[PDB]
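# Notes for the structure review
Letter by letter, the chains look like this.
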Amino acid sequence: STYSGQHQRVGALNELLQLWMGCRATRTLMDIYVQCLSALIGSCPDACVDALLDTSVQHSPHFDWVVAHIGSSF
Amino acid sequence: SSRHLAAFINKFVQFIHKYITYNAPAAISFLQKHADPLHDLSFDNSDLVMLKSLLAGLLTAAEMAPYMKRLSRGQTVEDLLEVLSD
């Protein structure tokens, strides 16, 4: 949310995915989150989905590319 | 010397794209069987941006409008030769 407006680095969402996954620390953090969810999908899928969609409706134009990646995987 | 293989890299990555598209399970089963060569090549040849895009996953017609118009409407040999050379 902070960086979408305070940087020059930010079809369109594909390019956003490329530039975001391109980095190293953010990519590793996303890997950690994906591992956490893969641990959590079997246990509590509905609760994780509910939390994700609540955060989305609260913060839609900010982290949707991570949601797009998660959807592409699953 | 990966730079001289740019066309080969593009062709191979397109073939990998088609492989994951048409038959995702077999392509994934191959990738896991050879994960570490891909990881090492990506770390060394980081300039392969398409390879890093694959790891992340783990126009043309418009340009040729004036050329086609000039070729169609050209009469003199100079214009035809110019557009053909371009």
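Residues numbered from 1 in each chain as written, not as in the entry; some residues may be left out. Chains lettered and ligands numbered in written order. Part of a larger assembly, values for the part shown. Heavy atoms only, no water.

### Considering the overall build of chain B
We count it as follows: Secondary structure follows DSSP: runs of H or I at least 4 residues long count as helices, runs of E at least 2 residues long count as strands, and numbering of each begins at the N terminus. Buried, partly exposed and exposed residues are distinguished by accessible area as a fraction of the type maximum, computed with a 1.4 Å probe on protein chains only: under 20%, between the cut-offs, and over 50%, respectively. Each accessible area value is a Shrake-Rupley result obtained with a 1.4 Å probe; residue values ignore everything except the protein chains displayed when judging cover. Residues scored as positive are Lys and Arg, those scored as negative are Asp and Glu, and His as well as the terminal groups of each chain are ignored. Each charge is placed at NZ for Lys, CZ for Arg, CG for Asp and CD for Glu.
When you go through chain B residue by residue, the secondary structure sums to seven helices and zero strands. Put simply, chain B runs from its N terminus to its C terminus through helices and strands in the order α-α-α-α-α-α-α. Along the first, second and third principal axes, the C-alpha set of chain B runs to 60 × 30 × 15 Å. Out of the 86 residues belonging to chain B, those deemed buried represent 19%. Split by element, the accessible area of chain B, about 6900 Å² in all, is 64% carbon and sulfur. For chain B, the distance from the average position of its 8 positive side-chain charges to the average position of its 9 negative side-chain charges is 8 Å.

### Digging into a nonpolar patch on the surface
The criterion, for reference: A residue counts toward a patch only above 30% relative accessible area and without a salt bridge, and it is joined to like-charged neighbours within 9 Å or, for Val, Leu, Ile, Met, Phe, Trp and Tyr, to nonpolar neighbours within 5 Å. Basic side-chain nitrogens of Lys or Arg form a salt bridge, by our definition, when they fall within 4 Å of a carboxyl oxygen of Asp or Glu.
On the surface, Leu5, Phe8 and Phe12 of chain B cluster together to form a nonpolar patch covering roughly 320 Å² of accessible area. Tracing the backbone shows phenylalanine 8 of chain B in helix α1 (residues 6-22).

### Description of the pattern of salt bridges
All names here are of chain B. Summed over all chains, the structure comprises four salt bridges over all chains. The residue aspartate 47 makes a salt bridge to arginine 3 at a minimum N-O spacing of 3.1 Å. Here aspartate 47, found in the loop between α3 (35-44) and α4 (49-57), pairs with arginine 3, found in the segment before α1; they are 44 residues apart in sequence, far enough to count as distant. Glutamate 82 is the partner of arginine 70 in a salt bridge, and the nearest nitrogen-oxygen pair spans 3.2 Å. Residue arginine 70 is found in helix α6 (residues 65-73), and its partner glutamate 82 is found in helix α7 (residues 77-85); the two are separated by twelve residues along the sequence. With relative accessibility at 26%, the residue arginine 70 sits in the partly exposed group. Residue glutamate 82 is classed as partly exposed on the basis of its relative accessible area, which comes to 35%. Ionic contacts of the salt-bridge type, sharing partners, join the residues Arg70, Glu82 and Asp86 into one network.

### Concerning the nonpolar core
Our working rule: To define a nonpolar core, start from buried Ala, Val, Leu, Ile, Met, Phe, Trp, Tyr and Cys residues and group those joined through side-chain atoms within 4.5 Å. Contacts were defined at the residue level, with two residues in contact if any of their heavy atoms lie within 4.5 Å.
Judged by nonpolar contacts, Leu17, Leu19, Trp20, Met21, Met30, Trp65, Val66 and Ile70 of chain A together with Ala56 of chain B together constitute the single largest core of nine residues. Sorting the residues of this core by element identifies α2 (12-22) and α5 (60-73) of chain A as the ones contributing at least two each. Per element, the largest residue contribution to this core is four residues, and it comes from α2 of chain A. With near-sequence residues (within four places) excluded, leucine 17 of chain A lies in contact with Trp65 of chain A together with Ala56 of chain B. Listed in part, the seven residues of the second largest apolar core include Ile9, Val13, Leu48 and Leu54 of chain B.

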